[PDB]
């Protein structure tokens, strides 16, 4: 059960891997203003970090999606639905929770697996 740390800071690591499993930090918007824009940005970050860890979006197991405002549900979904891999959509939960900054509309927390 060797642990690998990716993108380590004094506070957290962007991803942590162990025995084929990959746990991503909550990805948080770096660009965009609207729910649509920020969801695309968050998912683009997930894409990079998965690639870093030897994974991709078609190997995601689990996604918890935190929305600041549940009124943004359909907009977030439109972007999510277009990003997800057909036939390989992950387990998902979406709940409403305020994030570390007021301007952040969406945060997504991913669990994935490496390719064999």
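Residue numbers count along the first chain shown, from 1.
Note on 60-68 vs 25-33: mean CA B-factor is higher in 25-33. Remark: stretch with higher mean C-alpha B factor among 90-98 and 6-14 is 6-14.
Among the modelled residues of the chain, residue 44 sits in the middle third by CA temperature factor in this PDB entry. Sort the chain's modelled residues by C-alpha temperature factor and residue 38 lands in the lowest third, per the entry.
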